[PDB]
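Trainee: The structure that follows is given in the form of structure tokens.
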Amino acid sequence: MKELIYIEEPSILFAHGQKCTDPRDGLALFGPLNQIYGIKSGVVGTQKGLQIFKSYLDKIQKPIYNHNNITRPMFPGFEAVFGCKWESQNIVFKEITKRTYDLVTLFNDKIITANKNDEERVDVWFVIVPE
Amino acid sequence: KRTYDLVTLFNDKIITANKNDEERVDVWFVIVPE
Amino acid sequence: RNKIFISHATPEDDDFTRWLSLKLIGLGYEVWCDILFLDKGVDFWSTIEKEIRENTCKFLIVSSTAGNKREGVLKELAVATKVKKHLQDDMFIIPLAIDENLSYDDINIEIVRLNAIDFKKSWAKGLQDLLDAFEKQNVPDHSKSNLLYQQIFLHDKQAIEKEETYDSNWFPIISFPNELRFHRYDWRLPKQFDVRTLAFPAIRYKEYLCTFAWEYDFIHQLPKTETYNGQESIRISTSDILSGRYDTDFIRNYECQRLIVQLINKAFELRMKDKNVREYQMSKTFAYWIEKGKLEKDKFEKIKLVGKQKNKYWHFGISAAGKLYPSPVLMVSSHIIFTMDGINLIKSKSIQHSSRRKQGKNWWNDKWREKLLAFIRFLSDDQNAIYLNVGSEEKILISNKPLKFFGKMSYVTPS
Amino acid sequence: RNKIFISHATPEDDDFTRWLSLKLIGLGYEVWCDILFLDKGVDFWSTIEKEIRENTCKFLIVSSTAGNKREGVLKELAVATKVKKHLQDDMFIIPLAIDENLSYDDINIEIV
Amino acid sequence: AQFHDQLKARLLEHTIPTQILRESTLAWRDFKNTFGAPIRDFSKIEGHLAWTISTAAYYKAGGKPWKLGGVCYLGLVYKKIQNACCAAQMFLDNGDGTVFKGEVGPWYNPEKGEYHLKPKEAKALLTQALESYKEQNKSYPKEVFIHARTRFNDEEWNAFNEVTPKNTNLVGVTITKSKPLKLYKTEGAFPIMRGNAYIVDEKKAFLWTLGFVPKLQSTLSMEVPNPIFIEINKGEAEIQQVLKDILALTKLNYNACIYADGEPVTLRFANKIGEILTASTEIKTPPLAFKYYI
Amino acid sequence: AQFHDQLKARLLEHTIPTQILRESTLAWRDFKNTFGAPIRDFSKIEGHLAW
DNA sequence: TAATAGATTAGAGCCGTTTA
RNA sequence: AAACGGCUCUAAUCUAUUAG
Ligand SMILES: [Mg+2]
């Protein structure tokens, strides 16, 4: 019989210097290390894509349950866990109305003009691709 | 040249921080010494 | 009287106080953290008096090194001592020690007798201890709060120090033929003949025939090999190859164990065609699986191997690959092979992959291990071994019991 | 650190503690008694702790029947145990059995 | 097939943290299979889906969701195009933070199937990593924890050991998945629990980076978990320390919000940024920070 | 002479909103003409300055 | 150049969502 | 491409050997 040695699971820092194992619990308990003040989301997609992103963002803002919460923890809502504003009413939306290259170029030019021309500041561009 | 090098120092600091650093910066306040 | 009071050092102990305050509020307990519940305007000292005396159930003082010398917390603690005397309730004050820079021998006398709840380096397990205490003293929604309650306790679940035994995948090779023979079939063996088609395992290496069989075994399919001088064949003991002690300009060590490895693989392939089991060509190797209806109620030794799923049939199959790095072992691999009705294999491999995933949706460690062991035992000829015909007088002996492992740390299986 | 401390029951056991204290100053030793030196209009417990763990060579515990169960004596003796651990001084804690009523068993397990 | 990675590569020149979201992901209930349940069944993991999306958004917005508790773990991956080696590095700074930048500028080995670095390319890779460590922590690392999915040849290890500075014991780790060791549990119906390490040699071992979890009361991997082979084929180091550091690296998966992954995150992020880099034309001085890639 | 112009020009390709703040502006009180009042007298305009 | 093997390695797809 | 895994398929390379 061969000995299976044990490697203890390491713990990862969180807010206030506390340590936990699962991110899904350390975040819900204490929250992330550094503070950003909010996320100005930019969305590059169709109108239906913008509506779907807005609806899911509003759903995110409120707590959402798993089917089995013991194995996979709940989500207490974005503001509860990160303490940061990511509201759906602060969206910078860029409507879109070798095929791989052209499909890339559409979103690429939209994002480049947005980040260059437009004045509204966006921290992360949520490219809501269609299906 | 001296203006070029002095600009380049703050410059490449800014690009190195915008490219490499994880933390986001909304606006970079170059505190130019006197 | 149903309310929890949390006195703390205001200037430099806010963060923990707020975290604990909202955590307790989310747990259903009523809290009176000052920086979160003290109304603006009101006489703060008189209101603190009213809360401590009239409706406070328990007093939680933080034992940070900044505290225990702060005037405000000291005054609230003195009033808490008075209410402890009045109520005659044990452990009305429940100190919390969050700071690690003070020792238990530096705590102020008012709470030195009482045992501080440990918060030094783990606020969540400290909160679990505090909530255990609250349950013990019966301190004063029905679906949402239980999740947070269980999360506090489950955040620190670990491995219990228990011994566990494991059935692994490797099967040890208990015994093997002692000699590997390179026969000199320079002209007897046809040069365009396929060595894999030999009834016995061999390879055409360096215009020799490397095999574990006798030189006269390859006669029915290779008649011209007959009347071969035994002196021409060069023989190397298998033990020297396995131990790595044998190394010659003739054959290198690594080549020699590679050769015996492929010999074992070929022996497996040529053996299972006899063992009443059909084959399925996977991308890298062959998987051997038994057809439906060939087993009594489709089970071997109380473990089923072929069954019905969504109008089609699934069969448990195995693939073998011998390796010798740690020791001479045979690694097995488990698969599900899918058929229309247990007799006809599915040609399309996308359907095969989808059906394999579907059958593996609900199969788990007990099922996988029991089915692998049952299949290996079914292939076995005798009680504790499987015979591979590497020679008319020499056989490869594969153990029936896989390499058992054991471990000092394990878990309690959820029910 | 050069001082002698006497802990006791406050309402009942005053005569012996006062007598022992006054004899001790008469001999020259410094004393701190809660009914003699604890000044009016101070934080009595805070000063008690400061005297226990700042200026105290010895800590004497009068062991009357009521004094042993007394909460103030219990807290004072607890921090006396802590400071005894800290200073490493041997026999820093000195009990004084003054009553023939309570027996050896009756004394609380700390000072037995 | 090449939409996401090409888009990230095109956006790479002008640093723009972008997160690609499939329309079927956010609203999976609307789109079905036209004969029953939706094509993507997210009902059981909807909270997990929100966890991952929120964590990725907070990461790309410049936030640090979780850290890790003088060694530079440099995990490099080879990509088939000529072969391109792309690396991700991680270490701890003076201020206790986990510097988790990339090591980008994929070094090109012209040989078709040789997943090894030429002496010049290996020299450049290691000197870039050491210069990044020197500028970040103001001193050279004590021990660089180079690791990869491939075994290092003699020549690239000699290049690494000749480019390294003094007092820097450099160790290479080969981490391979899909190694057939399906170790089961005989008594219970629940698999081997995550964290078990099988020391099969003083330099080679099986690490169970994934398995059953006491805390989650379930298994990170469906079926029976597959251990990952950790081989210290090059360099001198203890096997137990290597396994502990691999499990430590198994926690920095910022692209997801999951307990742990089957492989060290450094390798996975290096592979992702390499796919991004090789998706489109070359980029000079690429951003080298995962918010722009994952 | 052309520090600010060159710096703002070289940041144009990689779009980065940058603000050049002279030390003599933010903390004008410290720098003094070596014989009297500070070289830039912002006392009357501090709020406006901040504005 | 082709073939026969083992050992490594890389690529893509495809399905399930981790037994309560 | 929220993501991680299990599997499936394909291809390539490095050895050694045989036929070109
Ligand atoms: Mg990502």
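Chains as they are written, first to last, in the working numbering: chain B, 1 to 131; chain W, 1 to 34; chain C, 1 to 415; chain E, 1 to 112; chain P, 1 to 294; chain Y, 1 to 51.
We put the CB at the ideal spot given by N, CA and C, even for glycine.
Name the residue from C:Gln-137, C:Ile-111, C:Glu-393 and C:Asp-274 whose alpha carbon lies nearest to the alpha carbon of C:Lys-58.
Mentor: With distances taken between Cα atoms, C:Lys-58 lies closest to C:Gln-137.
Trainee: Pick out whichever of B:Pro-130, B:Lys-2, B:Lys-40 and B:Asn-115 has its Cα sitting closest to the Cα of B:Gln-89.
Mentor: Per the Cα distances, B:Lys-40.
Trainee: Using a beta-carbon distance below 8 Å, is B:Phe-93 in contact with chain P?
Mentor: Output row for B:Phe-93: interface = no.
Trainee: So with Cβ pairs under 8 Å, would you call W:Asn-18 a contact of chain P?
Mentor: True, the Cβ-Cβ gap to chain P drops below 8 Å.
Trainee: Report the residue ranges of all beta strand (DSSP E) runs contained in full by the segment 265-333 of chain C; include only those spanning at least 3 residues, in chain order.
Mentor: Counting only runs of 3 or more, we get 278-281, 286-289, 306-309 and 312-323.
Trainee: For C:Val-42, does the count of other Cβ atoms within 10 angstroms reach 16, so buried, or fall short, so exposed?
Mentor: Classification for C:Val-42: exposed.
Trainee: Using a Cβ cut-off of 8 Å (strictly closer), state whether W:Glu-23 contacts chain Y.
Mentor: No, no contact with chain Y.
Trainee: Of the residues C:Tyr-104, C:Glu-394 and C:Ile-52, which one's Cα is nearest the Cα of C:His-86?
Mentor: The shortest C-alpha separation from C:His-86 is found at C:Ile-52.
Trainee: Under the assumption that C:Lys-404 contacts C:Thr-165 (Cβ atoms under 8 Å), give the Cβ distance between them as a whole number of angstroms.
Mentor: Correct: roughly 6 Å between the Cβ atoms.
Trainee: Under DSSP, the alpha helix (DSSP H) around W:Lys-19 begins and ends at which residues?
Mentor: Its alpha helix (DSSP H) spans residues 2-19.
Trainee: Whose C-alpha, out of C:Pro-402, C:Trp-368, C:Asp-381 and C:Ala-374, is nearest the C-alpha of P:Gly-188?
Mentor: Among C:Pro-402, C:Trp-368, C:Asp-381 and C:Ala-374, the Cα nearest to that of P:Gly-188 is on C:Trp-368.
Trainee: Could you check the C-alpha separation between P:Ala-87 and P:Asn-271 for me, to the nearest Å?
Mentor: Cα to Cα, the separation comes out at about 8 Å.
Trainee: Can you give me the start and stop residues for the beta strand (DSSP E) that P:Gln-217 sits inside?
Mentor: Premise fails: P:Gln-217 is in no beta strand (DSSP E) and is neither H nor E.
Trainee: Distance check for P:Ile-273 and P:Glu-114, CA to CA, integer angstroms please.
Mentor: Their Cα atoms are separated by approximately 20 Å.
Trainee: Counting contacts by CB-CB distance shorter than 8 Å, is W:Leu-6 in contact with chain Y?
Mentor: Closer than 8 Å: yes.
Trainee: Closer than 8 Å is the cut-off here; do at least three beta carbon pairs connect the segment 52-67 of chain P with the segment 1-11 of chain C?
Mentor: Taking 8 Å as the limit for Cβ pairs, the verdict is that the segment 1-11 of chain C does not touch the segment 52-67 of chain P.
Trainee: What residues from chain P crowd round C:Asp-167, counting only those whose CB sits closer than 8 Å?
Mentor: The contacting residues are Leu-183, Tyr-184, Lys-185 and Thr-186.
Trainee: Name the one or two DSSP bridge partners that P:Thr-174 has.
Mentor: Answer is P:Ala-148 and P:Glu-231.
Trainee: Near P:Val-99, what residues of its chain come up, given a Cβ to Cβ distance below 6 Å and the 5 sequence neighbours on each side ignored?
Mentor: Taken in chain order, the residues that qualify are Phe-91, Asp-93 and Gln-136.
Trainee: Kindly indicate which three-state DSSP category C:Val-261 falls into: helix, strand or coil?
Mentor: Three-state DSSP puts C:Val-261 in a helix.
Trainee: Determine whether the Cβ of B:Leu-27 lies closer than 8 Å to any Cβ atom of chain P.
Mentor: Interface residue, yes.
Trainee: With distances taken between CB atoms, is the gap from P:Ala-289 to W:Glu-22 smaller than 8 Å?
Mentor: Yes, the pair counts as a contact, with Cβ atoms nearer than the cut-off.
Trainee: Would you call the CB atoms of E:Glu-49 and C:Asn-101 closer than 8 Å?
Mentor: No, the pair does not count as a contact, with Cβ atoms beyond the cut-off.
Trainee: Closest Cβ-Cβ distance between P:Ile-45 and chain B: below 8 Å?
Mentor: Yes - at least one Cβ of chain B is within 8 Å of the one on P:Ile-45.
Trainee: Please state the DSSP three-state secondary structure of P:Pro-119.
Mentor: Three-state result, P:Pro-119: helix.
Trainee: Using the Cβ count rule (16 or more neighbours within 10 Å means buried), how would you classify C:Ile-337?
Mentor: Buried, because 16 or more other Cβ atoms sit within 10 Å of the Cβ of C:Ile-337.
Trainee: Label residue 481 of chain C either buried or exposed according to how many other C-beta atoms from any shown protein chain fall within 10 Å of its C-beta, with 16 as the threshold for buried.
Mentor: This structure cannot speak to residue 481 of chain C, because chain C is shown only from 1 to 415.
Trainee: Does the segment 195-211 of chain C come close enough to the segment 369-381 of chain C to have 3 or more Cβ pairs within less than 8 Å?
Mentor: At 8 Å Cβ cutoff, the stretches do not touch.
Trainee: Using a threshold of 7 Å, is the CB atom of P:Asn-253 nearer than that to any non-hydrogen atom of ligand 1?
Mentor: Every heavy atom of ligand 1 is 7 Å or more from the Cβ of P:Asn-253, so no.
Trainee: Using a threshold of 7 Å, is the CB atom of residue 309 of chain P nearer than that to any non-hydrogen atom of ligand 1?
Mentor: Missing from the structure shown is residue 309 of chain P; chain P here goes from 1 to 294 and no further.
Trainee: Is the Cβ-Cβ distance between W:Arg-24 and B:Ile-128 less than 8 Å?
Mentor: Contact flag unset, no.
Trainee: Does the Cβ-Cβ distance between E:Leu-96 and E:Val-62 come in under 8 Å?
Mentor: Yes, Cβ-Cβ distance for E:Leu-96 and E:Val-62 is below 8 Å.
Trainee: Relative to the C-alpha of C:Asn-169, which residue among P:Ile-294, P:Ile-53, P:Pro-225 and P:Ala-57 is closest?
Mentor: Among P:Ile-294, P:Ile-53, P:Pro-225 and P:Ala-57, the Cα nearest to that of C:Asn-169 belongs to P:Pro-225.
Trainee: Buried or exposed: where does P:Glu-111 fall if 16 or more other Cβ atoms within 10 Å of its Cβ makes it buried?
Mentor: P:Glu-111 is exposed by the Cβ-count criterion.
Trainee: Whose C-alpha, out of C:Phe-44, C:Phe-92 and C:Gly-391, is nearest the C-alpha of C:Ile-219?
Mentor: Ranking C:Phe-44, C:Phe-92 and C:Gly-391 by Cα distance to C:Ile-219 puts C:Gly-391 first.
Trainee: Under 7 Å between beta-carbons, which chain P residues line up against B:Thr-97? List them in chain order, please.
Mentor: Those within 7 Å of B:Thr-97 in chain P number zero; the least Cβ separation is about 15 Å.
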